[PDB]
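Reviewing the structure listed below.
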Amino acid sequence: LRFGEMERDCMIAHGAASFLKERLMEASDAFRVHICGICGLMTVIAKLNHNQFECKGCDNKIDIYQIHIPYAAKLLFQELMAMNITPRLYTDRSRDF
Amino acid sequence: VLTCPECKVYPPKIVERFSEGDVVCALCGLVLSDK
Amino acid sequence: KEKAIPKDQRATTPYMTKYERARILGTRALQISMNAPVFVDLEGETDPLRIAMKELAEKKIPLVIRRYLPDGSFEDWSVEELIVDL
Amino acid sequence: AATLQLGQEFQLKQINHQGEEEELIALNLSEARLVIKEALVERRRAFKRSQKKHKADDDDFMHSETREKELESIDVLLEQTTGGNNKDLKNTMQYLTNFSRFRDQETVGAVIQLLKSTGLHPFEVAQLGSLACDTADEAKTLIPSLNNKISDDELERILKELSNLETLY
Amino acid sequence: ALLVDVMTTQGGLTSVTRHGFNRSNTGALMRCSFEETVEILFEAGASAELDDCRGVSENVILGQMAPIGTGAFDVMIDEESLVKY
Amino acid sequence: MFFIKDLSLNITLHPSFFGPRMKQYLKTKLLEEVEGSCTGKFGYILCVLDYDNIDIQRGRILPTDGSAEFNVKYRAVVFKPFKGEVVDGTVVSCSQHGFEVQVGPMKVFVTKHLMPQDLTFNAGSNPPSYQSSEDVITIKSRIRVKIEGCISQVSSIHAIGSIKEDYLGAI
Amino acid sequence: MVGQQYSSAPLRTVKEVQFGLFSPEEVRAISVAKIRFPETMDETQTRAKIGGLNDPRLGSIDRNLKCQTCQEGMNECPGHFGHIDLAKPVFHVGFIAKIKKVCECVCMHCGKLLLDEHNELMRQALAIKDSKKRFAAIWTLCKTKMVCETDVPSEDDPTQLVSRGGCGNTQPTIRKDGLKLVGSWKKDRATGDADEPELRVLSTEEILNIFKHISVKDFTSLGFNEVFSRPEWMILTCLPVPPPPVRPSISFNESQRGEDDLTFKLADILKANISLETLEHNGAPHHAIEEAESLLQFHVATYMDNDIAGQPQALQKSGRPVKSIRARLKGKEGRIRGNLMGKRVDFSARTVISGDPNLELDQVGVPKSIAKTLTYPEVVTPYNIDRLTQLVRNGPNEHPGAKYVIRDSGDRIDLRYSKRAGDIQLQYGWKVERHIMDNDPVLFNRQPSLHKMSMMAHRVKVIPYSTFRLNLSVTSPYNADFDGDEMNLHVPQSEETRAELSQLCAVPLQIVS
Amino acid sequence: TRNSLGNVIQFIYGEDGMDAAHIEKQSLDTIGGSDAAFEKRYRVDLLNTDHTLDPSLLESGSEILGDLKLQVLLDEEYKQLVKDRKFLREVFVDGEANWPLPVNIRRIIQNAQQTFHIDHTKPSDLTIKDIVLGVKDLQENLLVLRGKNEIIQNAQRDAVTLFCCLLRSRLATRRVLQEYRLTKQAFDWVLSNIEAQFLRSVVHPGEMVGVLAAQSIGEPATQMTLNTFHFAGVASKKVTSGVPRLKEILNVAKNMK
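Protein chains in written order, with this note's numbering: chain A, 1 to 97; chain B, 98 to 132; chain C, 133 to 218; chain D, 219 to 387; chain E, 388 to 472; chain F, 473 to 643; chain G, 644 to 1156; chain H, 1157 to 1413.
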């Protein structure tokens, strides 16, 4: 069933962030993505059986992060990147590097 | 190839639950693949 | 640790909001339902939410609320020292 | 580290939890083995004290007659302090014990004093404490950092003195 | 009063349209949320715009917990009272 | 190579351990998880100093599952080599392509192209070894290897070294 | 607990999203397969052609084979990017206006700004921090200087002329015709020639060369960035190819694969590119080269945006327009407003309402079957293991009962097939997915949700028949009657969520609006 | 009240920091009425026969008459009431008295009269000192902002000005002793209840007031369409109002109809 924009606004009015987050991600589409810690992109190749993590472009095998995001957000980022635009996800504590 | 890691029976017996988006072993009831 | 405000210079309300109350009750109910020790004399109750309310009644929840000021600093208030309306 | 390329993670200047710059600390096989043995026996003593709180023999472990008795004491220490879940620690400790150039603390202190009296790099000092070289040129070739930095006579004197300092087993 | 104060806070009359609010300084995803998506994305890319991910829309796109009511604070454990028991 | 470094870790404590003895559980978790591990950023985690002086930070209950996360800082002795490093070690296995040398907790391999031709492989010897005019290298023989490269994975670091130049082999 | 796998990379949360632009170097480095052929699948019609559009190194969407690059199933492979090399640079359909505006503001020969620090107006423009207004003012000021000045009067003395190194040539006037950028040189009247502006179509490679010559101070002044947003990158040289996840193939049967529109457009792009390349090396006349370049530009432009003003629309073989990338995102049903702000959900129901005067104010009657379908993950503890054991023994065909049992390790046992309704022994920390039982909080609403009081919490009571039940006093906040209205029910799945529904959104707390 | 970037939209929500559901319509009695009625209602004089307290009302009515400190206190109170009348007439130039405010003081006083079975036929044991000092202290114990520099003090007094005006209007000495006939116990109960009910009306930090305001404004806009064309019932009054007028206000159109 459609949990539209009006419903989201009503839930924001009430002030219940946890219900919103659970409805949005855990109940519809949750996805786990490995991102590079230098270029902040989703180009990291991960072999989970051998836990081999590699970033080909930046020659990175250490700074690699796990992020929980929806699947439509991943699709949007890929479609943005297919037109020569770079949505570069960054982490809170990545300013040290 | 998709086999139950507890029954260890070949060939594996498997039933797909489409209305729940699951793949279920028909002997131990274990759920193999979801969505 | 520069952000933390000394206890004497705390300028926030000494009452606890409804949002803080709901968050605290939810956290305590989850922890109780995950087999955490209970700090009060349980009497015939089998619902984690009701035991959470019971612990709140005697002011025995060992949690601290951190309140974020807009600049980035924060203010720490123990659940024991927060006045809850009834 | 042929060209002393230690990187950011292993810089000569280290920033500790107190925020003050410190010289980078490098230990050879003997120093590291003694430090880990001391830490393990201290932890065992703390565990025994805690157990006594809830409810003599330790002098024989540090003083070992032979290499085999030392290895047996090491196995007992790992059983009573580590739990046997860490095989890499056992392998490292065995490698330290089998190829420890120096067993006594005083002799290790003598080696440290001899190597660091000249003020060489900690990497070179630890390498010299780990490696026993017959000739100065052998060490200079096997330690490219020592080239152009130490006179051959001084290196020969240090190597001969270290070889003399080795305790016979 | 709140609506009127919002409409006249930038020193002038800012209409409630794309020209008034979607040309503001707010976050890129927030502004692209309604009625001028692709052009705003193009402009943000060309100008190398930095988004801060603090508004509601940016925390709804990324599937996280927005600082909204119950999410405006952090819950932490007090060791002193726990030990005292 | 042995060095002293400052390390930190985030440890999650389950809600069922929420009692007056939480510090003991945190210490046990730290000792059981950290000691003996390997991190490509800092090499193998050999030992942790000043166990009684463990630094702790206030908990921050995660909003999704109730497990309390803690940040623990400490000082540790770790082992990590560098490019061009020369280390003594012990021969583990002998092969026609070269040999493998254990140094500390790591393995450095040398290919037959990386030693001078004077060292010839003898298979009839027990065990098979490398024999030359002056130096003979076999099991339990102290051998110096100049490490040339290292490959770092989650749980281990492999190395490749060369002994092609002089003053290398048996000591 | 997403992914059904374990990884040692730490969990973190997104804080910033720094936009920018690819350099061709980045497109080359990132890519793992240089696409080369206009075909997807081999001549055996059983496997994809290597180096084609469906190269296995990019990934697979099917549930049997795994990706060659990462050796993971379709439920874990994100997808990897290819790239295509272009014979000659092509304009990007989304920056034609900015390219022209920044072209008119820079000398066409010396590659420098028409003004400098000497003018006061330049000081005023460089005093502004807002990049958009700064660029607009600089454009509207410098669009009218058709000649570069070699010498400028000094600020201290207007009679003293200082040379700024200008070339002194004459800049054209630029107009746009379709996808072409045509310039006209107005020769000076003192030259003796007529005032006829010679017209010429500007070549993209020349404009690229001019842009590559701009400096860092002009980078900042114009409103671009050195690292992320150089202007030279606004002209395409290599085109990234999205993985098959972005363009999934729908397979009716084993040999029946209907491909997406995006892959057809990409195949046409590559076909035109190879045609232009084979005409380029064959010594063809200049007219054919120009026509082929125009065709390539048309295909690349209509691949991203298919609603360009003043041009025909690229149509499909059946006559329908090709759905470009922009039409995927711009609509009301597009990604932003149809899959990221609102989306379909699980653990929900929808049914007509009715009136019940015997129910309390904040209590809702839930039909039996709807209670048998939705669940709740209760955790086994010392206080509930007896009732939970009896519930598991009951099974899934009886209310109350259970439907699944989750272990500590994440494995989930379907109680229906596993005969072990009377066999499974429960431990501490396992989860029973039980039916919804009396006095469970739910969220309940009616559309459209105009105000706060149209989405409220309730306590369940399990009843027969197929309707929902409400007290006759809550029908005013909902603006609902009982002649056919249907409302929606959402079930929380945790303790924190249940506490939020019980302490914030309850009907008793919503009386004084 | 701020936004995602941190820009302040209001320095206090609503200019008094009150929740929108703790506010009821109450009448300020000082604004309206002629000067004679005001003087008779609120003025008390212990030296002039015209405006004395009847001794049958106050238990100590006999001894208090002729005192000096008491009349000074009453004079300060009357000066405060006069200044309040001037200010309130400055604010509402229309002279209207009913405005929304927190706490229903009338119901609190009625509850005090009903609970304690107060009999109006007997003298009351109150003291003028006690009444005046109690009202002033209760004003001293009303808090919305808890800063310490002078800026926050000024902001808080500005916030609580009008409520203090109403509170002074209802709890005047003559009104207490002659209209309510409260005792000491009932007076203490009323003061405590007033303070308690005020302290629970402040707005809770974390509330999303923007969406609340937007929903409040735009819900009646949906129903506004029906009755927009009532001005369509007057042909000579062809003036834009209703949906098109709101549209033009929102668009900030430069060419009105």
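Even for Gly, the Cβ is constructed at its ideal location relative to N, Cα and C.
Grouping DSSP H, G and I as helix and E and B as strand, with all else coil, what is residue i?
i: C710 of chain G; result: coil
i: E426 of chain E; result: helix
i: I45 of chain A; result: strand
i: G998 of chain G; result: strand
i: residue 602 of chain G; result: Residue 602 of chain G falls outside the range modelled here, since chain G spans only 644 to 1156, and no answer is possible.
i: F1167 of chain H; result: coil
i: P1120 of chain G; result: coil
i: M1098 of chain G; result: strand
i: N1131 of chain G; result: strand
i: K860 of chain G; result: helix
i: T484 of chain F; result: strand
i: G1374 of chain H; result: helix
Contact check, residue i vs residue j under 8 Å by CB: the rounded distance?
i: residue 116 of chain C; j: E1076 of chain G; result: A query on residue 116 of chain C cannot be resolved here, the shown segment of chain C reaching from 133 to 218 and no further.
i: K552 of chain F; j: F581 of chain F; result: Between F581 of chain F and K552 of chain F the Cβ distance is about 18 Å, and since that is not below 8 Å, they are no contact.
i: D527 of chain F; j: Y497 of chain F; result: That belief does not hold up - the Cβ atoms of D527 of chain F and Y497 of chain F are roughly 16 Å apart, past 8 Å.
i: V988 of chain G; j: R32 of chain A; result: The pair is not a contact, with the Cβ atoms about 20 Å apart (cut-off 8 Å).
i: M1099 of chain G; j: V1150 of chain G; result: 5 Å
i: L922 of chain G; j: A915 of chain G; result: Actually they do not touch by this definition, with Cβ atoms about 11 Å apart.
i: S1156 of chain G; j: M1096 of chain G; result: 6 Å
Would residue i be called buried (16 or more neighbouring beta carbons within 10 Å of its own) or exposed?
i: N382 of chain D; result: exposed
i: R1356 of chain H; result: exposed
i: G1008 of chain G; result: buried
i: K1278 of chain H; result: exposed
i: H735 of chain G; result: buried
i: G450 of chain E; result: buried
i: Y649 of chain G; result: exposed
i: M1412 of chain H; result: exposed
i: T457 of chain E; result: buried
i: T1339 of chain H; result: buried
i: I609 of chain F; result: buried
i: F871 of chain G; result: buried
i: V1399 of chain H; result: exposed
i: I85 of chain A; result: buried
i: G1222 of chain H; result: exposed
> Which ranges would you report for the alpha helix (DSSP H) in the segment 785 to 818 of chain G if only whole runs of at least 4 residues count?
Replying inline: You should have found no qualifying run.
> Which runs of the beta strand (DSSP E), 3 residues or longer, sit entirely within the segment 553 to 593 of chain F?
Replying inline: Along the segment 553 to 593 of chain F, the beta strand (DSSP E) occurs as fully enclosed runs of 3 or more residues at 558 to 566, 570 to 575 and 578 to 583, listed in sequence order.
> Are three or more beta carbon pairs between the segment 1053 to 1071 of chain G and the segment 1022 to 1040 of chain G nearer than 8 Å?
Replying inline: Between the segment 1053 to 1071 of chain G and the segment 1022 to 1040 of chain G there are three or more inter-stretch CB-CB distances shorter than 8 Å, so the stretches are counted as touching.
>> Would you call the segment 670 to 682 of chain G in contact with the segment 865 to 877 of chain G, where contact means no fewer than 3 C-beta pairs closer than 8 Å?
In response: They do not touch, by the three-pair rule.
> Given 8 Å as the limit, is there contact between the segment 724 to 732 of chain G and the segment 871 to 886 of chain G, that is, 3 or more CB pairs closer than that?
Replying inline: Touching, per the Cβ criterion.
> Curious, which full-length beta strand (DSSP E) runs of at least 3 residues does the segment 871 to 935 of chain G contain?
Replying inline: Listed in chain order, they are 878 to 884, 893 to 896 and 899 to 901.
>> At 4 residues or longer, what runs of the alpha helix (DSSP H) sit wholly inside the segment 305 to 329 of chain D?
In response: Entirely contained in the segment 305 to 329 of chain D, the alpha helix (DSSP H) runs reaching 4 residues are, in chain order, 305 to 316.
>> Between the segment 179 to 199 of chain C and the segment 438 to 448 of chain E, can you find at least three pairs of beta-carbon atoms closer than 8 Å?
In response: Output reads no: the segment 179 to 199 of chain C does not touch the segment 438 to 448 of chain E.
> What runs of the alpha helix (DSSP H), each 4 residues or longer, lie entirely inside the segment 819 to 849 of chain G?
Replying inline: Qualifying alpha helix (DSSP H) stretches: none in this window.
>> Could you check whether the segment 1248 to 1257 of chain H touches the segment 1220 to 1238 of chain H, counting it as contact only if at least three pairs of C-beta atoms, one from each stretch, sit closer than 8 Å?
In response: The segment 1220 to 1238 of chain H and the segment 1248 to 1257 of chain H do not touch, with fewer than three beta-carbon pairs separated by less than 8 Å.
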